[PDB]
file work15.cif (mmCIF, C-alpha atoms)
data_work
loop_
_atom_site.group_PDB
_atom_site.id
_atom_site.type_symbol
_atom_site.label_atom_id
_atom_site.label_comp_id
_atom_site.auth_asym_id
_atom_site.auth_seq_id
_atom_site.Cartn_x
_atom_site.Cartn_y
_atom_site.Cartn_z
ATOM 1 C CA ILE A 1 89.294 12.782 111.132
ATOM 2 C CA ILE A 2 88.621 9.131 110.310
ATOM 3 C CA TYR A 3 86.612 8.289 113.426
ATOM 4 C CA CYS A 4 83.521 6.250 112.555
ATOM 5 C CA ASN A 5 81.313 6.989 115.565
ATOM 6 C CA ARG A 6 78.284 4.690 115.515
ATOM 7 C CA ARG A 7 76.283 7.320 117.400
ATOM 8 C CA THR A 8 76.344 10.477 115.278
ATOM 9 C CA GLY A 9 77.242 8.363 112.262
ATOM 10 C CA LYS A 10 80.170 10.593 111.330
ATOM 11 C CA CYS A 11 82.548 8.351 109.383
ATOM 12 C CA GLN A 12 83.584 10.715 106.588
ATOM 13 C CA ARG A 13 85.153 14.177 106.707
ATOM 14 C CA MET A 14 82.314 15.935 104.884
#
call {"tool": "encode", "arguments": {"input": "work15.cif", "output": "structure tokens"}}
result
Amino acid sequence: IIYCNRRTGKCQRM
């Protein structure tokens, strides 16, 4: 996943 949601802040695949 590469999505960079500005809400949750999930940009990486950690």
call {"tool": "residues_around", "arguments": {"input": "work15.cif", "residues": "residue 2 in chain A", "least_positions_apart": "2", "cutoff": "8 Å", "atoms": "all atoms listed in the file", "output": "list in words"}}
result
residues 4, 11, 12 and 13 of chain A
call {"tool": "residues_around", "arguments": {"input": "work15.cif", "residues": "residue 14 in chain A", "least_positions_apart": "4", "cutoff": "12 Å", "atoms": "all atoms listed in the file", "output": "short mmCIF file (atom, residue, chain, number, x, y, z; two decimals) with C-alpha atoms, in the frame of the given file"}}
result
data_model
loop_
_atom_site.label_atom_id
_atom_site.label_comp_id
_atom_site.auth_asym_id
_atom_site.auth_seq_id
_atom_site.Cartn_x
_atom_site.Cartn_y
_atom_site.Cartn_z
CA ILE A 1 89.29 12.78 111.13
CA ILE A 2 88.62 9.13 110.31
CA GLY A 9 77.24 8.36 112.26
CA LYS A 10 80.17 10.59 111.33
#
call {"tool": "axis_aligned_box", "arguments": {"input": "work15.cif", "around": "chain A", "padding_each_side": "6 Å", "output": "AutoDock Vina command-line options"}}
result
--center_x 82.8 --center_y 10.3 --center_z 111.1 --size_x 25.0 --size_y 23.2 --size_z 24.5
